[PDB]
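In structure tokens, the next block holds one chain alone, the form deposited in one PDB entry.
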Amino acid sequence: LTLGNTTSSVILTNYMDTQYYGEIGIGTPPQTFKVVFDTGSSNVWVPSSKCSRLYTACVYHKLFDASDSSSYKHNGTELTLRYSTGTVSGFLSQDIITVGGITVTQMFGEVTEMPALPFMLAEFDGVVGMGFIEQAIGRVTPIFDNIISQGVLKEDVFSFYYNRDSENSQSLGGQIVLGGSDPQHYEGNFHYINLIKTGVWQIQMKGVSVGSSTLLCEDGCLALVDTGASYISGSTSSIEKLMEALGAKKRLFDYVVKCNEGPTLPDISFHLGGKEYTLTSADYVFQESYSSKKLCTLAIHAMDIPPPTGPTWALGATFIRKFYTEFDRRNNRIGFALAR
């Protein structure tokens, strides 16, 4: 490890409190892409100009054209990336990537197969994996590992700030700091929780409290700190019990409560590293109305993550909005502080 004296920041756009994305430039001259920065994955990918136009997602998203780049280096190794909500398939390519003022030579996926669901619902074009090399498909060096190798960053850490609002604009949607943290977006001090294993941004959770009593995760469970996930997720059985306690009901892809009942829902506390991380109903209910005639969605869903990573809870944008998050690679730990 070689450390420098610089930090780099990536300004994020907040789309409806569900999507947080920044811009990256690829090639010479740069081709700009809207990307989600995901601690739950380790690969970089953008849709390719070689993606057949019968993939509707490829007609609607920005495509990388290797034939328009003078710094492109051919590879062609076939690559399939299987996520929680979808799969992308393509080939590996090498080019110069610009991330918040930093220029880095990177091997990335050129996506030729991009299904309509969920990609047509996506505001971002691609993904920048913030996970470890051990979980990278095709043993490709992740972008942060390649930035660290330059010897410019002050610390072997990166931090996430996700703002509220989304609806009104003018305000900063969010921010990623490479090589440090931004004291302007957090208050008090960081509390760290050590990783259960290197290779994955996952920590031990001691319990989940719904109101007064510790209803769930009695005798521990796992928690994935997932920046690319919109909500807080748990297994079907854990969520079924949590939602029964809240009076919520299953609706295809989400749970809903009567809008008027939203402000009466209890606090949900996550027991991580001896500290209690509390979300009130305003932090987990999308209060679109206070009407008894309308149904309001919850920012908590069921997601069955399979082994080796799962069964596991995922702490996404819903958690991050409340708690400014620092990802420490040098010490294999995650830090939380109250966001401001």
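So that the term is clear: the rigid core is the largest set of C-alpha atoms that superpose within 1.5 Å between two forms. For every residue, the number given is its place in the sequence shown, counted from 1.
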Coordinates absent for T77 in a third or more of other entries: no
Quick test of your reading: does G4 have no coordinates in a third or more of the other entries compared? yes
Entry-level comparison of average CA B-factors, 163-171 and 95-103, reporting the higher stretch: 163-171
Output the stretch having the higher mean C-alpha B factor in the entry; the candidates are 273-281 and 60-68. 273-281
Out of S237, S230, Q202, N75, residue topping the C-alpha B-factor column of the entry: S237
For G207, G109, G86, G129, the deposited C-alpha B-factor is largest at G207
By its CA B factor, does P306 count among the lowest, middle or highest third of the modelled residues in the chain? highest
By its CA B factor, does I143 count among the lowest, middle or highest third of the modelled residues in the chain? lowest
Taking the entry's C-alpha B-factors for this chain, is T28 in the lowest, middle or highest third? middle
By the record's CA B-factor, is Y192 among the lowest, middle or highest third of residues in the chain? highest
Could you look up the Cα B-factor of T39 in the entry and say which third of the chain it sits in: lowest, middle or highest? lowest
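Just so it is clear, the following notes concern the form deposited in another entry, a form of the same protein that is not shown.
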Please name the single residue among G86, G207, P266, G138 whose Cα shifts by at least 2 Å between this form and the one not shown after core superposition. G86
Does superposing the core leave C51 with a CA shift of 2 Å or more between this form and the one not shown? yes
C-alpha of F119: shift of 2 angstroms or more between this form and the one not shown, rigid core aligned? yes
How about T309 - superposed on the rigid core, does its CA move between this form and the one not shown by 2 Å or more? no
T87 to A229, Cα distance in the other entry relative to here: closer or farther, by 3 Å or more? farther
Cα-Cα trend for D17 and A229, given that in the other entry the distance shifts by 3 Å or more: closer
